[PDB]
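Data file: target-v7.cif. Format and content: mmCIF, C-alpha atoms and all ligand atoms.
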```cif
data_upload
loop_
_atom_site.group_PDB
_atom_site.id
_atom_site.type_symbol
_atom_site.label_atom_id
_atom_site.label_comp_id
_atom_site.auth_asym_id
_atom_site.auth_seq_id
_atom_site.Cartn_x
_atom_site.Cartn_y
_atom_site.Cartn_z
ATOM 1 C CA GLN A 11 12.591 -33.886 -4.181
ATOM 2 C CA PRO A 12 14.195 -32.136 -1.253
ATOM 3 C CA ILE A 13 16.203 -35.206 -0.219
ATOM 4 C CA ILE A 14 17.714 -37.738 -2.531
ATOM 5 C CA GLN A 15 18.883 -40.968 -0.900
ATOM 6 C CA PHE A 16 21.998 -42.860 -1.962
ATOM 7 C CA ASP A 17 23.347 -46.317 -1.126
ATOM 8 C CA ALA A 18 27.076 -45.606 -0.899
ATOM 9 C CA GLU A 19 28.597 -46.770 2.339
ATOM 10 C CA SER A 20 32.243 -46.089 1.782
ATOM 11 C CA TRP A 21 34.340 -42.956 1.422
ATOM 12 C CA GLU A 22 36.158 -44.811 -1.378
ATOM 13 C CA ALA A 23 32.914 -45.881 -3.063
ATOM 14 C CA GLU A 24 33.101 -46.308 -6.821
ATOM 15 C CA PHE A 25 30.143 -44.727 -8.586
ATOM 16 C CA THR A 26 28.439 -45.632 -11.822
ATOM 17 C CA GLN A 27 27.752 -42.812 -14.259
ATOM 18 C CA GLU A 28 24.066 -43.165 -13.577
ATOM 19 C CA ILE A 29 24.571 -42.387 -9.882
ATOM 20 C CA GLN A 30 26.990 -39.589 -10.684
ATOM 21 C CA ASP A 31 24.292 -38.089 -13.002
ATOM 22 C CA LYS A 32 21.634 -38.370 -10.281
ATOM 23 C CA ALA A 33 23.938 -36.673 -7.817
ATOM 24 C CA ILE A 34 24.966 -33.670 -9.903
ATOM 25 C CA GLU A 35 21.455 -33.065 -11.202
ATOM 26 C CA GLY A 36 20.099 -33.268 -7.698
ATOM 27 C CA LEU A 37 22.768 -31.161 -6.118
ATOM 28 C CA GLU A 38 22.400 -28.414 -8.717
ATOM 29 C CA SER A 39 18.618 -28.512 -8.440
ATOM 30 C CA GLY A 40 18.893 -27.732 -4.722
ATOM 31 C CA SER A 41 18.370 -31.180 -3.233
ATOM 32 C CA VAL A 42 20.202 -32.578 -0.239
ATOM 33 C CA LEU A 43 22.139 -35.709 -1.168
ATOM 34 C CA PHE A 44 21.742 -38.142 1.716
ATOM 35 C CA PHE A 45 23.979 -41.128 2.513
ATOM 36 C CA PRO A 46 22.393 -42.937 5.496
ATOM 37 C CA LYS A 47 25.108 -45.553 5.630
ATOM 38 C CA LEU A 48 28.165 -43.406 5.167
ATOM 39 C CA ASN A 49 29.655 -43.210 8.602
ATOM 40 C CA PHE A 50 32.770 -41.333 9.575
ATOM 41 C CA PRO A 51 34.511 -43.365 12.220
ATOM 42 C CA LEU A 52 36.686 -41.979 14.939
ATOM 43 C CA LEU A 53 39.850 -43.501 16.320
ATOM 44 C CA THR A 54 39.778 -44.620 19.941
ATOM 45 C CA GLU A 55 42.197 -41.860 20.666
ATOM 46 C CA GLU A 56 39.809 -39.249 19.270
ATOM 47 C CA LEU A 57 36.817 -40.239 21.334
ATOM 48 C CA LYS A 58 37.840 -37.738 23.999
ATOM 49 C CA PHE A 59 36.981 -34.943 21.670
ATOM 50 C CA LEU A 60 33.310 -35.856 21.795
ATOM 51 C CA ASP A 61 33.102 -33.213 24.467
ATOM 52 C CA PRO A 62 31.926 -29.657 24.065
ATOM 53 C CA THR A 63 34.434 -28.222 26.459
ATOM 54 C CA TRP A 64 37.073 -28.322 23.789
ATOM 55 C CA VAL A 65 35.535 -25.169 22.303
ATOM 56 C CA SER A 66 37.351 -22.173 23.782
ATOM 57 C CA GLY A 67 35.807 -19.038 22.364
ATOM 58 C CA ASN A 70 33.224 -24.103 16.650
ATOM 59 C CA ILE A 71 36.609 -25.541 16.153
ATOM 60 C CA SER A 72 37.973 -25.043 12.650
ATOM 61 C CA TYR A 73 40.777 -26.412 10.553
ATOM 62 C CA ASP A 74 42.212 -25.096 7.325
ATOM 63 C CA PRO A 75 43.497 -27.960 5.280
ATOM 64 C CA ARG A 76 45.293 -25.640 2.880
ATOM 65 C CA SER A 77 47.495 -24.254 5.672
ATOM 66 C CA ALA A 78 47.209 -27.166 8.110
ATOM 67 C CA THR A 79 46.072 -24.842 10.810
ATOM 68 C CA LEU A 80 43.723 -25.475 13.655
ATOM 69 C CA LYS A 81 41.687 -22.758 15.469
ATOM 70 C CA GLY A 82 39.128 -22.240 18.235
ATOM 71 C CA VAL A 83 40.594 -24.636 20.699
ATOM 72 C CA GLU A 84 43.315 -24.498 23.329
ATOM 73 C CA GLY A 85 45.248 -27.337 24.912
ATOM 74 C CA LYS A 86 48.361 -29.393 24.992
ATOM 75 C CA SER A 87 50.296 -29.843 21.809
ATOM 76 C CA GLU A 88 49.607 -33.554 21.617
ATOM 77 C CA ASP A 89 45.909 -33.005 21.977
ATOM 78 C CA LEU A 90 45.879 -30.323 19.303
ATOM 79 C CA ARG A 91 47.840 -32.670 17.136
ATOM 80 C CA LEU A 92 45.210 -35.358 17.494
ATOM 81 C CA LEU A 93 42.370 -32.965 16.910
ATOM 82 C CA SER A 94 44.035 -31.588 13.836
ATOM 83 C CA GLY A 95 44.480 -35.135 12.629
ATOM 84 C CA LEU A 96 40.777 -35.809 13.022
ATOM 85 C CA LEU A 97 39.788 -32.764 11.014
ATOM 86 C CA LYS A 98 42.463 -33.412 8.440
ATOM 87 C CA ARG A 99 41.163 -36.877 7.901
ATOM 88 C CA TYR A 100 37.657 -35.498 7.427
ATOM 89 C CA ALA A 101 39.019 -33.064 4.811
ATOM 90 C CA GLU A 102 40.788 -35.876 2.996
ATOM 91 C CA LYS A 103 37.930 -38.280 2.991
ATOM 92 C CA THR A 104 35.313 -35.766 1.964
ATOM 93 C CA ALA A 105 37.561 -34.430 -0.774
ATOM 94 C CA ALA A 106 38.259 -37.904 -2.129
ATOM 95 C CA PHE A 107 34.546 -38.746 -1.997
ATOM 96 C CA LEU A 108 33.546 -35.590 -3.886
ATOM 97 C CA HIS A 109 36.104 -36.306 -6.597
ATOM 98 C CA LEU A 110 34.728 -39.827 -6.979
ATOM 99 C CA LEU A 111 31.140 -38.593 -7.101
ATOM 100 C CA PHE A 112 31.504 -35.368 -9.152
ATOM 101 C CA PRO A 113 34.107 -35.893 -11.906
ATOM 102 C CA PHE A 114 32.319 -33.194 -13.930
ATOM 103 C CA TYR A 115 33.695 -30.599 -11.526
ATOM 104 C CA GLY A 116 37.215 -31.893 -12.169
ATOM 105 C CA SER A 117 39.769 -29.837 -10.289
ATOM 106 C CA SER A 118 37.403 -26.914 -9.787
ATOM 107 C CA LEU A 119 36.477 -28.103 -6.270
ATOM 108 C CA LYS A 120 38.550 -25.930 -3.915
ATOM 109 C CA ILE A 121 38.591 -27.104 -0.319
ATOM 110 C CA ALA A 122 37.967 -24.536 2.406
ATOM 111 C CA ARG A 123 37.546 -24.838 6.178
ATOM 112 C CA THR A 124 36.714 -27.967 8.142
ATOM 113 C CA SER A 125 34.589 -27.606 11.234
ATOM 114 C CA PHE A 126 33.863 -29.740 14.319
ATOM 115 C CA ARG A 127 30.683 -28.862 16.218
ATOM 116 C CA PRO A 128 30.485 -30.480 19.583
ATOM 117 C CA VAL A 129 27.890 -28.239 21.192
ATOM 118 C CA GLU A 130 24.300 -29.423 21.491
ATOM 119 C CA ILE A 131 22.013 -27.427 19.256
ATOM 120 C CA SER A 132 18.800 -27.444 21.210
ATOM 121 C CA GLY A 133 20.377 -25.427 23.951
ATOM 122 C CA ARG A 134 21.250 -22.572 21.569
ATOM 123 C CA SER A 137 20.917 -12.874 17.559
ATOM 124 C CA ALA A 138 18.137 -13.584 15.143
ATOM 125 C CA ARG A 139 20.618 -13.293 12.266
ATOM 126 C CA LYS A 140 22.792 -15.952 13.748
ATOM 127 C CA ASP A 141 19.995 -18.168 14.924
ATOM 128 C CA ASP A 142 20.442 -21.248 12.816
ATOM 129 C CA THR A 143 17.052 -22.603 13.841
ATOM 130 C CA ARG A 144 15.832 -20.103 11.285
ATOM 131 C CA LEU A 145 15.660 -21.081 7.671
ATOM 132 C CA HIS A 146 18.409 -19.465 5.663
ATOM 133 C CA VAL A 147 20.903 -19.857 2.898
ATOM 134 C CA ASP A 148 24.554 -19.424 3.918
ATOM 135 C CA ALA A 149 26.023 -15.950 3.688
ATOM 136 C CA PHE A 150 28.780 -14.779 6.016
ATOM 137 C CA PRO A 151 29.231 -11.099 6.639
ATOM 138 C CA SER A 152 32.959 -11.269 7.122
ATOM 139 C CA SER A 153 33.620 -13.719 4.300
ATOM 140 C CA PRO A 154 32.246 -12.734 0.881
ATOM 141 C CA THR A 155 32.302 -15.414 -1.822
ATOM 142 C CA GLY A 156 32.514 -13.257 -4.927
ATOM 143 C CA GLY A 157 29.805 -15.468 -6.411
ATOM 144 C CA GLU A 158 31.493 -18.761 -5.739
ATOM 145 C CA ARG A 159 29.449 -21.635 -4.450
ATOM 146 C CA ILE A 160 29.357 -22.822 -0.887
ATOM 147 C CA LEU A 161 29.234 -26.637 -0.980
ATOM 148 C CA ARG A 162 29.216 -28.522 2.305
ATOM 149 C CA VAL A 163 29.600 -32.120 3.375
ATOM 150 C CA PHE A 164 28.207 -33.041 6.760
ATOM 151 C CA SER A 165 28.536 -36.128 8.992
ATOM 152 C CA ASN A 166 26.640 -36.910 12.145
ATOM 153 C CA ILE A 167 29.121 -38.560 14.500
ATOM 154 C CA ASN A 168 26.914 -38.714 17.594
ATOM 155 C CA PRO A 169 28.074 -41.643 19.675
ATOM 156 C CA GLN A 170 24.727 -42.094 21.463
ATOM 157 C CA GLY A 171 22.700 -42.627 18.293
ATOM 158 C CA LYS A 172 21.125 -39.230 18.279
ATOM 159 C CA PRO A 173 19.968 -37.775 15.044
ATOM 160 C CA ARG A 174 20.628 -34.291 13.750
ATOM 161 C CA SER A 175 17.341 -32.541 13.109
ATOM 162 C CA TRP A 176 17.085 -30.204 10.166
ATOM 163 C CA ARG A 177 14.374 -28.444 8.310
ATOM 164 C CA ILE A 178 14.678 -28.015 4.535
ATOM 165 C CA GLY A 179 12.820 -25.156 2.890
ATOM 166 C CA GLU A 180 11.493 -24.132 -0.467
ATOM 167 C CA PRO A 181 13.502 -23.652 -3.627
ATOM 168 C CA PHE A 182 15.886 -20.730 -3.798
ATOM 169 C CA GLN A 183 13.965 -19.040 -6.586
ATOM 170 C CA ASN A 184 10.860 -19.011 -4.449
ATOM 171 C CA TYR A 185 12.730 -17.662 -1.433
ATOM 172 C CA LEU A 186 14.287 -14.938 -3.510
ATOM 173 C CA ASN A 187 10.900 -14.065 -4.945
ATOM 174 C CA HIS A 188 9.301 -13.952 -1.529
ATOM 175 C CA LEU A 189 11.952 -11.580 -0.222
ATOM 176 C CA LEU A 190 12.539 -9.450 -3.292
ATOM 177 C CA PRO A 191 10.238 -6.674 -2.122
ATOM 178 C CA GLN A 192 12.376 -6.354 0.953
ATOM 179 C CA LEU A 193 15.737 -6.108 -0.809
ATOM 180 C CA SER A 194 17.571 -2.801 -1.086
ATOM 181 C CA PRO A 195 20.890 -1.678 -2.602
ATOM 182 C CA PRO A 196 23.872 -1.037 -0.321
ATOM 183 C CA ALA A 197 24.622 2.432 0.949
ATOM 184 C CA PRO A 198 27.116 4.026 -1.475
ATOM 185 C CA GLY A 199 30.694 3.529 -0.331
ATOM 186 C CA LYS A 200 29.815 1.317 2.631
ATOM 187 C CA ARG A 201 31.187 -1.931 1.217
ATOM 188 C CA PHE A 202 34.423 -0.192 0.288
ATOM 189 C CA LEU A 203 34.797 0.959 3.906
ATOM 190 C CA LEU A 204 34.131 -2.561 5.210
ATOM 191 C CA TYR A 205 37.002 -3.705 3.058
ATOM 192 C CA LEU A 206 39.346 -0.872 3.988
ATOM 193 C CA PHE A 207 38.646 -1.438 7.668
ATOM 194 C CA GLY A 208 39.183 -5.174 7.512
ATOM 195 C CA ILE A 209 35.658 -6.001 8.483
ATOM 196 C CA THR A 210 35.344 -8.148 5.416
ATOM 197 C CA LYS A 211 37.903 -10.514 3.988
ATOM 198 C CA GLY A 212 38.060 -9.232 0.485
ATOM 199 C CA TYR A 213 35.421 -6.937 -0.965
ATOM 200 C CA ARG A 214 31.739 -7.663 -0.508
ATOM 201 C CA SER A 215 30.304 -7.959 -4.008
ATOM 202 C CA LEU A 216 26.760 -6.946 -4.782
ATOM 203 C CA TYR A 217 25.986 -10.646 -4.930
ATOM 204 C CA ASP A 218 27.263 -11.054 -1.421
ATOM 205 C CA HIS A 219 25.302 -8.031 -0.309
ATOM 206 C CA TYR A 220 22.067 -9.512 -1.633
ATOM 207 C CA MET A 221 22.730 -12.967 -0.234
ATOM 208 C CA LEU A 222 23.322 -11.349 3.158
ATOM 209 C CA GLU A 223 20.040 -9.437 2.815
ATOM 210 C CA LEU A 224 18.207 -12.663 1.933
ATOM 211 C CA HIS A 225 19.820 -14.463 4.872
ATOM 212 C CA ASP A 226 19.048 -11.692 7.310
ATOM 213 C CA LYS A 227 15.664 -10.514 6.127
ATOM 214 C CA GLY A 228 14.533 -14.073 5.779
ATOM 215 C CA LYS A 229 15.456 -14.838 9.340
ATOM 216 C CA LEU A 230 13.534 -11.780 10.565
ATOM 217 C CA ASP A 231 10.452 -12.592 8.543
ATOM 218 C CA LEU A 232 8.569 -14.463 11.241
ATOM 219 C CA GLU A 233 5.546 -15.279 9.111
ATOM 220 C CA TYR A 234 7.821 -16.780 6.454
ATOM 221 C CA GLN A 235 9.746 -18.755 9.018
ATOM 222 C CA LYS A 236 6.561 -20.200 10.362
ATOM 223 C CA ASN A 237 4.531 -20.733 7.267
ATOM 224 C CA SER A 238 6.806 -21.318 4.310
ATOM 225 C CA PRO A 239 6.932 -24.750 2.796
ATOM 226 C CA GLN A 240 9.458 -26.880 4.706
ATOM 227 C CA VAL A 241 10.188 -30.516 5.568
ATOM 228 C CA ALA A 242 11.671 -31.726 8.856
ATOM 229 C CA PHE A 243 14.216 -34.530 8.511
ATOM 230 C CA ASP A 244 16.369 -36.295 11.102
ATOM 231 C CA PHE A 245 19.804 -37.248 9.794
ATOM 232 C CA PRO A 246 20.755 -40.443 11.688
ATOM 233 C CA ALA A 247 23.959 -40.892 13.582
ATOM 234 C CA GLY A 248 26.434 -42.457 11.200
ATOM 235 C CA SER A 249 25.074 -40.673 8.119
ATOM 236 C CA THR A 250 26.522 -38.076 5.753
ATOM 237 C CA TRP A 251 24.850 -35.492 3.529
ATOM 238 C CA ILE A 252 25.964 -33.031 0.829
ATOM 239 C CA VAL A 253 24.314 -29.666 0.105
ATOM 240 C CA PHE A 254 24.910 -26.386 -1.711
ATOM 241 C CA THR A 255 24.108 -24.446 1.466
ATOM 242 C CA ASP A 256 23.984 -21.116 -0.424
ATOM 243 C CA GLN A 257 21.008 -22.508 -2.377
ATOM 244 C CA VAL A 258 19.173 -24.970 -0.126
ATOM 245 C CA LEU A 259 17.143 -23.274 2.595
ATOM 246 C CA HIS A 260 18.005 -25.029 5.840
ATOM 247 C CA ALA A 261 17.793 -24.796 9.622
ATOM 248 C CA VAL A 262 19.048 -27.021 12.439
ATOM 249 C CA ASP A 263 16.831 -27.747 15.442
ATOM 250 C CA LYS A 264 18.675 -30.291 17.600
ATOM 251 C CA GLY A 265 21.658 -32.583 17.730
ATOM 252 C CA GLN A 266 25.238 -32.861 18.919
ATOM 253 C CA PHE A 267 28.601 -33.819 17.361
ATOM 254 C CA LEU A 268 28.941 -32.900 13.698
ATOM 255 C CA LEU A 269 31.845 -32.773 11.279
ATOM 256 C CA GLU A 270 31.481 -30.411 8.338
ATOM 257 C CA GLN A 271 33.704 -29.599 5.363
ATOM 258 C CA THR A 272 33.281 -26.586 3.103
ATOM 259 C CA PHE A 273 34.295 -26.507 -0.555
ATOM 260 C CA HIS A 274 34.072 -23.630 -3.008
ATOM 261 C CA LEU A 275 33.247 -23.965 -6.690
ATOM 262 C CA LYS A 276 33.201 -21.292 -9.374
ATOM 263 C CA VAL A 277 29.848 -20.803 -11.079
ATOM 264 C CA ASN A 278 31.284 -21.490 -14.543
ATOM 265 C CA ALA A 279 32.244 -25.007 -13.391
ATOM 266 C CA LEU A 280 28.593 -25.945 -12.776
ATOM 267 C CA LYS A 281 26.734 -28.193 -15.180
ATOM 268 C CA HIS A 282 23.798 -25.719 -15.185
ATOM 269 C CA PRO A 283 25.193 -22.322 -14.136
ATOM 270 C CA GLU A 284 21.768 -20.726 -14.666
ATOM 271 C CA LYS A 285 20.487 -22.544 -11.543
ATOM 272 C CA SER A 286 23.083 -20.923 -9.273
ATOM 273 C CA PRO A 287 22.120 -18.204 -6.773
ATOM 274 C CA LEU A 288 24.476 -15.817 -8.596
ATOM 275 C CA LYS A 289 22.785 -16.235 -11.958
ATOM 276 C CA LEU A 290 19.288 -16.254 -10.469
ATOM 277 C CA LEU A 291 20.042 -12.977 -8.673
ATOM 278 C CA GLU A 292 21.682 -11.449 -11.772
ATOM 279 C CA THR A 293 18.602 -12.344 -13.812
ATOM 280 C CA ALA A 294 16.175 -11.056 -11.176
ATOM 281 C CA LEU A 295 18.020 -7.724 -10.849
ATOM 282 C CA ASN A 296 19.190 -7.472 -14.439
ATOM 283 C CA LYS A 297 22.768 -6.718 -13.619
ATOM 284 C CA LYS A 298 26.230 -8.025 -13.098
ATOM 285 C CA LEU A 299 26.663 -8.644 -9.408
ATOM 286 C CA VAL A 300 30.343 -9.468 -9.106
ATOM 287 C CA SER A 301 32.785 -7.022 -10.636
ATOM 288 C CA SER A 302 35.543 -9.518 -10.949
ATOM 289 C CA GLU A 303 33.472 -11.749 -13.197
ATOM 290 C CA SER A 304 35.121 -13.281 -16.182
ATOM 291 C CA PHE A 305 33.854 -11.897 -19.514
ATOM 292 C CA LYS A 306 32.531 -14.235 -22.221
ATOM 293 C CA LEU A 307 32.889 -12.912 -25.772
HETATM 294 FE FE FE A 401 23.747 -22.680 7.264
#
```
Would you give me this structure, written as structure tokens?
Ligand SMILES: [Fe+3]
Amino acid sequence: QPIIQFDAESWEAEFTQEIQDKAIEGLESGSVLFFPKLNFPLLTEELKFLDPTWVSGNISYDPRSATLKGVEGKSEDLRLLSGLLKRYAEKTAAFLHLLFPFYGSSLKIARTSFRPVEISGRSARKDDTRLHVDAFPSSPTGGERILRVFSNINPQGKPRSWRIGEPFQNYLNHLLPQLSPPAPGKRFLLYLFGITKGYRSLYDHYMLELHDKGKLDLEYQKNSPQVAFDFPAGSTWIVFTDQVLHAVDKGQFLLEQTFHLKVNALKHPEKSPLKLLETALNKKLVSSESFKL
């Protein structure tokens, strides 16, 4: 069940335990949780930002530090834009705490993003029209999960077209023969040189290889099992993007919020990419891992 549909229409929705169960089981199994009626409204004063020219170098906001990046302009405009992204951070965070009480306080918010550039007009590694799991060369996770909340805020009713691929285990299996260990010492140099933020764990190395090799595998991109789904304007969806194979084909105006979650906070840690990779390669893939006696 690549997509599980939910009825919630409010960011302050109260959830029964049955729906909370459905959500966590689905999320952890690598489904997209889809909320067709959960719209994220904009203030009249924010409507001006529905314009791709605000991107100056893909605008980001760090709720932890209340800092906005990737955009230039007058102070008042940056203030408004920061307010928009801040509100998205707040609402998504509240919603996740209402929906996933099992995770308790283990949900750690990360960066908020506003994507006002049209997708259809968009290197092979960066081509997000190619199925991939999320892995960022400059930003290793150390095994932590990448959980994202997305909202289509297109004011012309245009959907956001995605493709959803096969389960992670199948993707990993398909690509296994192409995986290779890192060159000795190379990850340490990336760290010393500031190319990576923190040290790239072996887990991160392998997720990057899956991401990259998968994107270059043209036969796989073309022929692997995948479903095309249009997320309507005014909808929201929630995905472990390090586990769900995904690609975006068209659309414009998206808010996105990243959260991180430690593997030991999961209901079924064995389903995580970290544990699946550690099992497949029979080794510990993050050196900083906690040790269970
Ligand atoms: Fe992605």
### 12 Å shell around ligand FE 401 (chain A) using only C-alpha atoms and all ligand atoms, listed as a PyMOL selection string
chain A and resi 139-150+160-164+176-178+225-226+229+253-263+270+272
Residue 252 (chain A) proximity check over A:111, A:216, A:60, A:197, using all atoms listed in the file: winner is A:111
**Request:** Can you turn the PyMOL selection byres (((chain A and resi 167) around 7) and not hetatm) into a concrete residue list for this file, as a PyMOL selection string?
**Result:** chain A and resi 50+165-166+168-169+247-248+267-268
ask   = What do you get, as a list in words, if you spell out every residue that the PyMOL selection byres (((chain A and resi 246) around 7) and not hetatm) selects here?
value =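 Here the PyMOL selection byres (((chain A and resi 246) around 7) and not hetatm) matches residues 46, 166, 172, 173, 174, 244, 245, 247, 248 and 249 of chain A.
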Export of prior selection with C-alpha atoms as a PDB file, keeping the file's coordinate frame:
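Below is the file that was written, part02.pdb:
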```
ATOM      1  CA  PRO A  46      22.393 -42.937   5.496  1.00  0.00           C
ATOM      2  CA  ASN A 166      26.640 -36.910  12.145  1.00  0.00           C
ATOM      3  CA  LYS A 172      21.125 -39.230  18.279  1.00  0.00           C
ATOM      4  CA  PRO A 173      19.968 -37.775  15.044  1.00  0.00           C
ATOM      5  CA  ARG A 174      20.628 -34.291  13.750  1.00  0.00           C
ATOM      6  CA  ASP A 244      16.369 -36.295  11.102  1.00  0.00           C
ATOM      7  CA  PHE A 245      19.804 -37.248   9.794  1.00  0.00           C
ATOM      8  CA  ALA A 247      23.959 -40.892  13.582  1.00  0.00           C
ATOM      9  CA  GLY A 248      26.434 -42.457  11.200  1.00  0.00           C
ATOM     10  CA  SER A 249      25.074 -40.673   8.119  1.00  0.00           C
TER      11      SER A 249
END
```
Can you tell me which residues surround residue 211 (chain A) at a distance of at most 12 Å, considering all atoms listed in the file, apart from same-chain residues fewer than 2 positions away, and format the answer as a ChimeraX atom specification? /A:150-156,201-209,213-215,218
Selection file, C-alpha atoms, as a compact mmCIF listing (two decimals), keeping the file's coordinate frame:
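Output file out_37.txt follows:
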```txt
# COMPACT_ATOMS: atom_id res chain seq x y z
CA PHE A 150 28.78 -14.78 6.02
CA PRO A 151 29.23 -11.10 6.64
CA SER A 152 32.96 -11.27 7.12
CA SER A 153 33.62 -13.72 4.30
CA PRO A 154 32.25 -12.73 0.88
CA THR A 155 32.30 -15.41 -1.82
CA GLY A 156 32.51 -13.26 -4.93
CA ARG A 201 31.19 -1.93 1.22
CA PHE A 202 34.42 -0.19 0.29
CA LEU A 203 34.80 0.96 3.91
CA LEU A 204 34.13 -2.56 5.21
CA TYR A 205 37.00 -3.70 3.06
CA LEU A 206 39.35 -0.87 3.99
CA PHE A 207 38.65 -1.44 7.67
CA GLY A 208 39.18 -5.17 7.51
CA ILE A 209 35.66 -6.00 8.48
CA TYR A 213 35.42 -6.94 -0.96
CA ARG A 214 31.74 -7.66 -0.51
CA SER A 215 30.30 -7.96 -4.01
CA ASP A 218 27.26 -11.05 -1.42
```
Point (30.2, -21.9, -10.2) neighbourhood (10 Å, only C-alpha atoms) written as a list in words: residues 115, 118, 119, 157, 158, 159, 160, 274, 275, 276, 277, 278, 279, 280, 281, 282, 283, 284, 285, 286, 287, 288 and 289 of chain A
Pairwise distance, CA of residue 292 (chain A) with CA of residue 30 (chain A), equals 28.7 Å
Explicit residue set for the PyMOL selection byres (((chain A and resi 63-79) around 7) and not hetatm), as a short mmCIF file (atom, residue, chain, number, x, y, z; two decimals) with C-alpha atoms, in the frame of the given file:
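Written out: selection-v7.cif:
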```cif
data_model
loop_
_atom_site.label_atom_id
_atom_site.label_comp_id
_atom_site.auth_asym_id
_atom_site.auth_seq_id
_atom_site.Cartn_x
_atom_site.Cartn_y
_atom_site.Cartn_z
CA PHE A 59 36.98 -34.94 21.67
CA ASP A 61 33.10 -33.21 24.47
CA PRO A 62 31.93 -29.66 24.06
CA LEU A 80 43.72 -25.48 13.66
CA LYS A 81 41.69 -22.76 15.47
CA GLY A 82 39.13 -22.24 18.24
CA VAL A 83 40.59 -24.64 20.70
CA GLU A 84 43.32 -24.50 23.33
CA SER A 94 44.04 -31.59 13.84
CA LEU A 97 39.79 -32.76 11.01
CA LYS A 98 42.46 -33.41 8.44
CA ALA A 101 39.02 -33.06 4.81
CA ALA A 122 37.97 -24.54 2.41
CA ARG A 123 37.55 -24.84 6.18
CA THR A 124 36.71 -27.97 8.14
CA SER A 125 34.59 -27.61 11.23
CA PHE A 126 33.86 -29.74 14.32
CA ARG A 127 30.68 -28.86 16.22
#
```
Residue 219 (chain A) proximity check over A:86, A:200, A:134, A:91, using only C-alpha atoms: winner is A:200
Test item: residues at most 9 Å from residue 16 (chain A), only C-alpha atoms, excluding those fewer than 2 positions along its chain, as a ChimeraX atom specification: /A:14,18-19,29,33,43-47
Atom-to-atom span, CA of residue 298 (chain A) and CA of residue 227 (chain A), Å: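 Computing the Euclidean distance for CA of residue 298 (chain A) and CA of residue 227 (chain A) yields 22.1 Å.
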| request: Go ahead and compute the interatomic distance for CA of residue 128 (chain A) and CA of residue 273 (chain A), in Å to one decimal. | output: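 About the pair CA of residue 128 (chain A) and CA of residue 273 (chain A): they are 20.9 Å apart.
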Could you tell me which of A:237, A:39, A:250, A:192 comes closest to residue 17 (chain A) if we count only C-alpha atoms?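 The shortest atom-to-atom distance to residue 17 (chain A) comes from A:250.
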Residue 194 (chain A) environment, 12 Å, all atoms listed in the file, sequence neighbours closer than 5 positions dropped, as a ChimeraX atom specification: /A:189,216,219-224,227,295
One residue among A:34, A:195, A:26, A:269 is nearest to residue 49 (chain A) when using all atoms listed in the file, and that residue is A:269
For region 120-131 of chain A, where the input has fewer atoms than it should, I would like N, CA and C atoms rebuilt and written as a PDB file, in the frame of the given file.
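Ended up saving to selection06.pdb:
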```
ATOM      1  N   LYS A 120      37.474 -26.542  -4.697  1.00  0.00           N
ATOM      2  CA  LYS A 120      38.550 -25.930  -3.915  1.00  0.00           C
ATOM      3  C   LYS A 120      38.188 -26.082  -2.445  1.00  0.00           C
ATOM      4  N   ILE A 121      38.962 -26.869  -1.703  1.00  0.00           N
ATOM      5  CA  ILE A 121      38.591 -27.104  -0.319  1.00  0.00           C
ATOM      6  C   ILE A 121      38.758 -25.824   0.495  1.00  0.00           C
ATOM      7  N   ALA A 122      37.868 -25.649   1.475  1.00  0.00           N
ATOM      8  CA  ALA A 122      37.967 -24.536   2.406  1.00  0.00           C
ATOM      9  C   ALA A 122      37.965 -25.106   3.821  1.00  0.00           C
ATOM     10  N   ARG A 123      37.332 -24.444   4.787  1.00  0.00           N
ATOM     11  CA  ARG A 123      37.546 -24.838   6.178  1.00  0.00           C
ATOM     12  C   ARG A 123      36.729 -26.056   6.602  1.00  0.00           C
ATOM     13  N   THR A 124      37.332 -26.833   7.492  1.00  0.00           N
ATOM     14  CA  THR A 124      36.714 -27.967   8.142  1.00  0.00           C
ATOM     15  C   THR A 124      36.250 -27.478   9.492  1.00  0.00           C
ATOM     16  N   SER A 125      35.127 -27.990   9.952  1.00  0.00           N
ATOM     17  CA  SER A 125      34.589 -27.606  11.234  1.00  0.00           C
ATOM     18  C   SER A 125      34.109 -28.802  12.041  1.00  0.00           C
ATOM     19  N   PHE A 126      34.313 -28.734  13.352  1.00  0.00           N
ATOM     20  CA  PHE A 126      33.863 -29.740  14.319  1.00  0.00           C
ATOM     21  C   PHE A 126      32.943 -29.010  15.303  1.00  0.00           C
ATOM     22  N   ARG A 127      31.711 -29.487  15.410  1.00  0.00           N
ATOM     23  CA  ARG A 127      30.683 -28.862  16.218  1.00  0.00           C
ATOM     24  C   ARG A 127      30.201 -29.789  17.298  1.00  0.00           C
ATOM     25  N   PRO A 128      30.865 -29.596  18.490  1.00  0.00           N
ATOM     26  CA  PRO A 128      30.485 -30.480  19.583  1.00  0.00           C
ATOM     27  C   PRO A 128      29.452 -29.940  20.556  1.00  0.00           C
ATOM     28  N   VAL A 129      28.902 -28.781  20.322  1.00  0.00           N
ATOM     29  CA  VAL A 129      27.890 -28.239  21.192  1.00  0.00           C
ATOM     30  C   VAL A 129      26.487 -28.649  20.787  1.00  0.00           C
ATOM     31  N   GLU A 130      25.663 -29.024  21.760  1.00  0.00           N
ATOM     32  CA  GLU A 130      24.300 -29.423  21.491  1.00  0.00           C
ATOM     33  C   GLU A 130      23.505 -28.253  20.988  1.00  0.00           C
ATOM     34  N   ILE A 131      22.778 -28.460  19.909  1.00  0.00           N
ATOM     35  CA  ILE A 131      22.013 -27.427  19.256  1.00  0.00           C
ATOM     36  C   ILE A 131      20.808 -26.958  20.003  1.00  0.00           C
TER      37      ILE A 131
END
```
